[PDB]
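A short worksheet on the structure shown next.
FYI, it's all coordinate maths here, none of it is from the lab. Note: ideal-geometry Cβ built from the backbone for every residue, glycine included; neighbour counts use all protein chains shown.
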Amino acid sequence: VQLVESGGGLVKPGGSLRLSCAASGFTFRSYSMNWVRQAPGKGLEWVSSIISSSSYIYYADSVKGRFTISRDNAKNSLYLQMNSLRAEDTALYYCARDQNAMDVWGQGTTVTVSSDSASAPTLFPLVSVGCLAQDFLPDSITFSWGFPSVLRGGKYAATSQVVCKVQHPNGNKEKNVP
Amino acid sequence: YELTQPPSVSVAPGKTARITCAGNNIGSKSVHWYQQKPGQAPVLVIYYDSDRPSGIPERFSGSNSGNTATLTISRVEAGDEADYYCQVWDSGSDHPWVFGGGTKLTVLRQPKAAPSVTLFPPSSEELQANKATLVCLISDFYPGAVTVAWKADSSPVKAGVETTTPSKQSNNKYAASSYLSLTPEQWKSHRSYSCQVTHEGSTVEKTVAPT
């Protein structure tokens, strides 16, 4: 039993974006499915829901006339088409099942609504050993071979500490460290 | 319909934490509670007022009566540190779900730990990129509240300082980093740059210099 979200990334205001949620481990058609989001540093907010068998659709008042939920039982997938995106829509979107109480959640996928352009990280090795990635957007960086990212001039930077490889949607970077 | 929660609850380990969810005649509704540890997906820890889903320890319990629903956590551990959200479901409305504003549970009085500070000078590959970035890495400290003072020579510096907010690691200790952005000339000009992290009223001294 699992839920895996995807399709999230960086988008400009007024743009459109489709979110996908993949269900596995249970009979997808027997459960109601939901979309719940969470703005950075804020609380959970229900967005939309689709019911089982009958497929009645519901939305929050802040997303109606713009967001569209749907499902594909043959592919065990839940969708969320998002149109006319604004700054207020920037959040981490969770896929969650069942009505009344949401028993299963996915780890979610991040949606960033911004006028700023996307860019891959720039790696610099550090010596006193460290690794310094700068000038990437959105903040979706992972470090392989842990510190939180900081915001400088509209772009993010992150440092790792222990051959330094990173994972970023715009580009994977590798760098050598003595 | 409005569900109100206190924004913060803080208790020591082994003690009882009570998270409340205020609502008009909420005792007549079913109340569910979600636990969300930092970075993780939310977890249903209590459902239908007082029942525990499979896998949840018995020290989690809930109740619901009148205009107040309560989540009680007995024998609190450091691992219980999370944001807790209450939620109800209203069938015949166009907005079935209603979530509470959330309550941050902080676990006090864990073993105190001085910060492990590391200060990296600007990389020689970065100076050839016409940039100069100092990196002050702060690790393994508790409680998770520090203040960072960047000093040039022996004088405060406020411009070009970008300090992050501490985030909790897997070992229930905190890590933070501070960046001081300088021009390559601001760097070679001064005889020293210092990162004096203060934790619980105790500075950890570390100076860097271009020479």
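Using Cα centres only, tell me the gap between segment A:5-50 and segment B:154-193 in whole Å. Cα centroid of segment A:5-50 versus Cα centroid of segment B:154-193: 36 Å apart.
Each residue of segment A:152-158 was assigned a 3J(HN,Hα) from its phi angle through the Karplus curve 6.51 cos²θ - 1.76 cosθ + 1.60 (θ = phi - 60°); the sequence is 10, x, x, 10, 9, 9, 8 Hz, with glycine and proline shown as x.
Here the Karplus curve 6.51 cos²θ - 1.76 cosθ + 1.60, taken at θ = phi - 60°, turns the phi angles of segment B:88-96 into couplings of 10, 10, 10, 4, x, 10, 7, 10, x Hz, with x standing for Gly and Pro. Think of the protein assembly as shown as a dipole: +1 on every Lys or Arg Cβ, -1 on every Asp or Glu Cβ, centred on the Cα centre; then among B:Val43, B:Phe99, B:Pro210, B:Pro210 lies furthest on the positive end. Computed about the Cα centre, the dipole magnitude for chain B is approximately 560 debye when only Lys and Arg (+1) and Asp and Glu (-1) carry charge, each at its Cβ. Estimated from helical segments only, the mean residue ellipticity of the protein assembly as shown at 222 nm is -500 deg cm²/dmol, where each DSSP H run of four or more residues counts as -39500 (n - 2.57). Approximating the spin labels as points 7 Å out from Cα along Cα→Cβ, the B:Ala145-to-B:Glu125 distance works out to 4.0 nm.
Residues A:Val63, B:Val11 in ascending order of nearby Cβ atoms (within 10 Å, fewest first): B:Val11, A:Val63. Distant-in-sequence amide contacts of B:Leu108, defined by a placed amide H-H separation under 5 Å and a gap of 5 or more residues or a different chain, comprise B:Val11, B:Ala12. Can you give the longest run of chain B that contains no chymotrypsin sites (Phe, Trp or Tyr not before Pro) sitting in a DSSP loop with at most 16 other Cβ atoms inside 10 Å? Answer from the scan: B:49-211. Between B:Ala159 and B:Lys206, full extension at 0.36 nm per residue minus the direct alpha carbon distance yields a gain of 15.0 nm.
Going from the fewest other Cβ atoms within 10 Å to the most, the residues A:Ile57, B:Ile19, A:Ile50 appear in the order A:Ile57, A:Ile50, B:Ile19.
Amide H contacts under 5 Å for B:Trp89: B:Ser30, restricted to partners 5 or more places along the chain or on a different chain, H placed in the peptide plane at 1.01 Å from N. With both labels modelled 7 Å from their Cα along Cα-to-Cβ, the B:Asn25 to B:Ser54 distance reads 3.7 nm. Straight-line reach from A:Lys64: taking Cα to Cα under 15 Å and skipping same-chain neighbours fewer than 8 places apart, the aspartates and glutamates in range are A:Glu45, A:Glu88, A:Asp89, B:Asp94. Using the Karplus relation 6.51 cos²θ - 1.76 cosθ + 1.60 with θ = phi - 60°, the per-residue 3J(HN,Hα) values for segment B:155-165 come to 9, x, 9, 10, 7, x, 8, 10, 10, 8, 8 Hz, with x marking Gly and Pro. Ranking B:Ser181, B:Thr147, B:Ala132 by how far each Cα lies toward the positive end of the dipole of segment B:110-211 (charges on Cβ) leaves B:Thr147 at the top.
List the trypsin sites (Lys or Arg not before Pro) in segment B:61-119 that DSSP assigns to loop (not H, G, I, E or B) and whose Cβ has at most 10 other Cβ atoms within 10 Å. Which are they? Here the sparse-neighbourhood loop sites are B:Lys112. Summing charges over all other residues whose Cβ lies under 13 Å from the Cβ of A:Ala118, with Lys and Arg as +1 and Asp and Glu as -1, gives -1. Neighbour counting of Cβ atoms within 10 Å sorts the residues B:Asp94, A:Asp61, fewest neighbours leading, into A:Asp61, B:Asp94. In this structure, the amide hydrogen of A:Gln107, modeled 1.01 Å from its nitrogen in the peptide plane, lies closer than 5 angstrom to those of A:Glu5, counting only residues at least 5 positions away or on a different chain.
Charge dipole of segment A:125-178 (Cα centre as origin; +1 on each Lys and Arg Cβ, -1 on each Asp and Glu Cβ, all else neutral): 60 debye, rounded to the nearest 20. Placing unit charges on the Cβ atoms only, positive for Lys and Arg and negative for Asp and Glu, gives segment B:1-109 a dipole magnitude near 420 debye about its Cα centre.
The antiparallel fraction among DSSP beta bridges confined to the protein assembly as shown stands at about 95%. Which of A:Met82, B:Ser167, A:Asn176 sits farthest toward the positive end of the charge dipole of the protein assembly as shown, with +1 on the Cβ of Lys and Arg and -1 on the Cβ of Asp and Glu? Farthest towards the positive pole: A:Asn176.
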